[PDB]
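Chemist: Chains as they are written, first to last, in our numbering: chain A, 1 to 355; chain B, 1001 to 1355; chain C, 2001 to 2057; chain D, 3001 to 3052.
Here it is: the structure, laid out below.
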Amino acid sequence: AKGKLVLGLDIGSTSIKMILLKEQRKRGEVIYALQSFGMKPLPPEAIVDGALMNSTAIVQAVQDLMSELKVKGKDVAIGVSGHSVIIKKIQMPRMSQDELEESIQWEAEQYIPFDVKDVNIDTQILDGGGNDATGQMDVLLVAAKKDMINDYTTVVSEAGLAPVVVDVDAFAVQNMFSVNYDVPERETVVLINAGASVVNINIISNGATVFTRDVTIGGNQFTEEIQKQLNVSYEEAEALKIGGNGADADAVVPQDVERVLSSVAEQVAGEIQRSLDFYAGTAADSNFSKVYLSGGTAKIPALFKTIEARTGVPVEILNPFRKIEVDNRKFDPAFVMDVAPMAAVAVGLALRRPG
Amino acid sequence: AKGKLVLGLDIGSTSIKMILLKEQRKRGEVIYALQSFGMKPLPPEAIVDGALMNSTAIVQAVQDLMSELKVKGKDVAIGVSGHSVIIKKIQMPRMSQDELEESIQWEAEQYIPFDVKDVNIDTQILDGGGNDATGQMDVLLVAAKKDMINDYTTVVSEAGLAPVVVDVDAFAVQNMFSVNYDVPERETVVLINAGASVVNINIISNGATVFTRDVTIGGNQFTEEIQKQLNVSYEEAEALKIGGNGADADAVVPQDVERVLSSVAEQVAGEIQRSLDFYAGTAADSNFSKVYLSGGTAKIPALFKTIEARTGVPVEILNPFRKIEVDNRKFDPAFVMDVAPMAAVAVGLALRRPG
Amino acid sequence: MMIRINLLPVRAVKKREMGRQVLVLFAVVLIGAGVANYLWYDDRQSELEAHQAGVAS
Amino acid sequence: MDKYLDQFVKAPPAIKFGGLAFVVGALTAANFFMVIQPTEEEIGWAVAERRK
């Protein structure tokens, strides 16, 4: 049946977040609108290497999410870990669906360092109806171990939730910006999601993904450098990162901290430069246009100006919540804006769920 | 038959307290009223890890309570240890009572790190009559080992007492404030009970609990830091805490003591901030309202102002005894006020007992 | 925009199918063995009738 | 514990069916043996009767 499911940030690693939008009625009109959202930091040991090592416990957390939410709904879309999925482009020939799925599996086979023992899904980077059989096939494959998917369906089964879509974060984060991207149909845009476990880059023409690349570096690395240089626990080093780096009174601490985080800033900048250079192969001659940031690791004070000057691209924070109606009597736009970067995916597969 | 039972503070750890209210007659009118109360510090070794390591001795204490009280009554409500109970929310579907109890057990099963081997009880966070079958079920489960319950029924059986209700302290402490909470039906209130073994937070809209969380930190930690820093016995460190921290002549001792207790003050503040942040997930944008304190650990001098400034919430002591009639010829309001925080639960399951 | 869904198709499907086929094979073998046990029972009832004729003799 | 429980929602249709099948195979072995033995007994009673 046609349900409006729900949306968790299941591979937040730092935080399990969840969002409910639905058909909100005002004055006889109805549109998608924010109904609830919820956030709880992920207890350690629940996720290791992108897999759910403690399914039942993560369940306890998710159920806390749902009751905090005060939500009736028990269907969910969610996402796999960027560390748990291989995303990559694949060229084939256009044919019948079965022959494409089998051919797709066959070509992925070498590119997957595991047996299959793999869950596979593709989508075509260009519309298949625009080309004939045998010509101009391009699918991109998302590939994953059963043990990961099975871990996640475990967690979901036990929260009393029923999954309908297991999506991927680099593209789920885009659904909030897809209209605004579809406004410029020939502009090349970059989208960085700097998370706690991984940083994704996806770069597009319009809301047509051209490619994606996932970098092991993330906010965990900043926190871990802070922790190393002041023998601090992870959580206190995390707080020192957050409030340490951005307070109006922080004038004495960007020496002590920035000197700690400077190697990470350098290595992130070099890895992003490297990724951009590895893309930039047919437009020899050109430059970039504009880009956005998502993920809480983005919120590092001044990091946006640094990435802007260092990558030669205007990098801007963006408010996902502009894609959904927000009742000002139930949510104030200021904070909603404040947690927009963390919640981008969390409302991402969320517009996926009343699709 | 319809009895007016009694009320002990069985998991006081620092103190076994007991209260008798009943239908008091004055001028042809009758209302609930305080009849007696009694307090004896707990013989240590009687409770270990929230269990009655020894029913029989605790029995001797409880019977001292009853004779001190001068009470005819031999029926009792009591409470389990916060360390002995798992309290947590649970989402299900509304149906027949049997199907809900079994379904409830089934969902709790993973969330209980023991076999069942567990006594289980739920109540619905919203009225069940307000929703149809299959939709909008929410119970919260209280779960406990048999060995604990059996320890307690042991102690009770031997004091000559008969239990009718084995309640939980985080909610029993609220029955004194339930009317005053029901006065603001949409205000979000926090209630902290800082005990000797545990600190509970329950936060409500009206007298409708929204959640509870139990923190291992408590007054025992303050006493134990005082003991560590001056190689004192537990009892003398406890007295130094009590009178040391609050006398008018204490001007020289809040350096010696406060420096001892400062790490505990910090860690308590951080744990309370953490709990509050882990709740605060649907009202992104909002702030707190008002809150109360119960438990003797609250009575730390100035702790209320500290928690008020540190948590961003007005935290106030409150007099439970306002819910019951008090004959000024048998009790003077000043002291009654003085031991109100310790006795909040002690009159809590006490209004539970002429229910 | 790319819309992907790793919610379980192929490997479970292949295993549910293999699970079906192994059971059909079990069923076929057991029906055949059944028919053998039968046919045997009939030759045995015939032999019993011949022998009871002899006993009458 | 739930990881085992979803291993139980994925697979043991196959494992339960299999167990049922090994059991029915055993029972058919047993009844075939229990029809072979009355054959031998019957040839025996033949050999007695003819000797009478």
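Heads up, the beta-carbon is just placed ideally off N, CA and C, and yes, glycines get one too.
For the candidate residues B:1188, B:1046, B:1003, B:1032, whose alpha-carbon lies nearest to that of residue 1013 of chain B?
Modeler: Selected option, being the one with the closest Cα: B:1046.
Chemist: What first and last residue would you give for the alpha helix (DSSP H) that runs through residue 1217 of chain B?
Modeler: That residue, residue 1217 of chain B, is in no alpha helix (DSSP H); it is neither H nor E in DSSP.
Chemist: May I ask which residues mark the beginning and end of the beta strand (DSSP E) holding residue 1111 of chain B?
Modeler: Note, residue 1111 of chain B: premise wrong, no beta strand (DSSP E); not H, not E.
Chemist: For chain D, find out if any of its Cβ atoms is closer than 8 Å to the Cβ of residue 56 of chain A; answer yes or no.
Modeler: True, the Cβ-Cβ gap to chain D drops below 8 Å.
Chemist: Residue 197 of chain A: which of A:224, A:177, A:113 sits nearest, CA to CA?
Modeler: Comparing Cα-Cα distances from residue 197 of chain A to each of A:224, A:177, A:113, the minimum goes to A:224.
Chemist: Could you list which residues in chain C have their beta carbon closer than 8 Å to that of residue 3035 of chain D, in chain order?
Modeler: The contacting residues are 2037, 2040, 2041, 2044.
Chemist: With 8 Å set as the bound, which would you pick, yes or no: does the beta-carbon of residue 37 of chain A sit closer than that to a beta-carbon of chain B?
Modeler: Judged by the 8 Å Cβ criterion, residue 37 of chain A is in contact with chain B.
Chemist: Under 7 Å Cβ-Cβ, which residues of chain C neighbour residue 163 of chain A?
Modeler: Those within 7 Å of residue 163 of chain A in chain C are 2007.
Chemist: Figure out for me which residue from A:126, A:112, A:190, A:117 has the closest Cα to the Cα of residue 279 of chain A.
Modeler: Checked all of A:126, A:112, A:190, A:117; the closest Cα to residue 279 of chain A is A:190.
Chemist: Taking C-beta pairs closer than 9 Å, name the residues in chain D that residue 2055 of chain C reaches, listed in chain order.
Modeler: Result: 3045, 3049, 3052.
Chemist: Count the other CB atoms within 10 Å of the CB of residue 3033 of chain D; is the residue buried (16 or more) or exposed (fewer)?
Modeler: Residue 3033 of chain D comes out exposed.
Chemist: Short of 8 Å in beta carbon distance, which residues of its chain neighbour residue 52 of chain A, apart from the five on each side in sequence? Order them along the chain.
Modeler: Contacts found: 46, 58, 148, 151, 152, 154, 155.
Chemist: In terms of alpha-carbon separation, which member of B:1131, B:1297, B:1277, B:1135 lies closest to residue 1203 of chain B?
Modeler: For the residues B:1131, B:1297, B:1277, B:1135, the minimum Cα distance to residue 1203 of chain B belongs to B:1277.
Chemist: Kindly indicate the opening and closing residues of the alpha helix (DSSP H) around residue 241 of chain A.
Modeler: Looking at the DSSP string, the run of the alpha helix (DSSP H) that includes residue 241 of chain A is 234-246.
Chemist: What residues from chain A crowd round residue 1282 of chain B, counting only those whose CB sits closer than 8 Å?
Modeler: Per Cβ cutoff of 8 Å: 36, 37, 38, 68, 69, 70.
Chemist: Does chain D have any CB closer than 8 Å to the CB of residue 2014 of chain C?
Modeler: No, because no Cβ of chain D sits closer than 8 Å to the Cβ of residue 2014 of chain C.
Chemist: Which residues mark the beginning and the end of the beta strand (DSSP E) in which residue 79 of chain A is found?
Modeler: Residue 79 of chain A -> beta strand (DSSP E) spans 75-80.
Chemist: What is the C-beta distance between residue 344 of chain A and residue 294 of chain A, in whole angstroms, given that I count them as a contact (C-beta under 8 Å)?
Modeler: Indeed they touch by this definition, with Cβ atoms about 4 Å apart.
Chemist: Please list the segments of the alpha helix (DSSP H) lying wholly inside the stretch 1180-1233 of chain B, counting only runs of 4 or more residues, in order along the chain.
Modeler: Qualifying alpha helix (DSSP H) stretches, in chain order: 1219-1229.
Chemist: So for residue 282 of chain A, helix, strand or coil by DSSP?
Modeler: Looking at residue 282 of chain A - three-state DSSP - the assignment turns out to be coil, as it is neither helix nor strand.
Chemist: Compare the C-beta of residue 2001 of chain C with all C-beta atoms of chain A and state if any pair is closer than 8 Å.
Modeler: Yes, because at least one Cβ of chain A sits closer than 8 Å to the Cβ of residue 2001 of chain C.
Chemist: Going by the beta-carbon positions, is the gap between residue 1193 of chain B and residue 1169 of chain B smaller than 8 Å?
Modeler: Yes, they are a contact pair.
Chemist: What are the residues in the stretch 157-186 of chain A lying within 8 Å of chain C by C-beta distance?
Modeler: Per Cβ criterion, the list reads 163, 164, 165, 166, 167, 168, 171, 174, 175, 178.
Chemist: Evaluate contact between the stretch 1326-1336 of chain B and the stretch 1023-1034 of chain B, counting only Cβ atoms and requiring at least three cross-stretch pairs below 8 Å.
Modeler: A contact exists between the stretch 1326-1336 of chain B and the stretch 1023-1034 of chain B.
Chemist: Taking 8 Å as the cut-off, decide whether the C-beta atoms of residue 115 of chain A and residue 141 of chain A are in contact.
Modeler: No, they are not a contact pair.
Chemist: Tell me which residues share the same chain as residue 90 of chain A and place their Cβ nearer than 6 Å to its Cβ, disregarding the 5 neighbours each side in the sequence.
Modeler: Result list for residue 90 of chain A: 107, 139, 141, in chain order.
Chemist: For a quick check, are the C-beta atoms of residue 288 of chain A and residue 209 of chain A less than 8 Å apart?
Modeler: Their beta carbons are not under 8 Å apart, which means residue 288 of chain A does not touch residue 209 of chain A by this criterion.
Chemist: Given a cut-off of 8 Å, decide if residue 21 of chain A and residue 350 of chain A are closer than it, judged by their beta-carbon atoms.
Modeler: The answer is yes: Cβ separation under 8 Å.
Chemist: Any beta carbon from chain D within less than 8 Å of residue 2049 of chain C's own beta carbon?
Modeler: False, the Cβ-Cβ gap to chain D never drops below 8 Å.
Chemist: Check whether the Cβ of residue 1132 of chain B lies closer than 8 Å to any Cβ atom in chain A.
Modeler: So no, residue 1132 of chain B is outside the interface.
Chemist: Are the CB atoms of residue 1297 of chain B and residue 1207 of chain B within a distance shorter than 8 Å?
Modeler: Not closer than 8 Å, so no.
Chemist: Would the stretch 312-320 of chain A count as touching the stretch 1267-1276 of chain B if we require 3 or more Cβ pairs under 8 Å?
Modeler: Cβ pair count under 8 Å is below three, so no.
Chemist: For the alpha helix (DSSP H) that residue 71 of chain A lies in, which residues bound it at each end?
Modeler: That residue, residue 71 of chain A, is in no alpha helix (DSSP H); it is neither H nor E in DSSP.
Chemist: Under 9 Å between beta-carbons, which chain C residues line up against residue 348 of chain A? List them in chain order, please.
Modeler: Simply none; closest approach about 11 Å.
Chemist: Less than 7 Å separating the Cβ of residue 1255 of chain B from some heavy atom of the ligand NAD?
Modeler: The ligand NAD is absent from the structure shown, which contains no ligands of any kind.
Chemist: Counting only beta-carbon separations shorter than 8 Å, does residue 321 of chain A have a partner in chain B?
Modeler: Cβ-Cβ to chain B under 8 Å: no for residue 321 of chain A.
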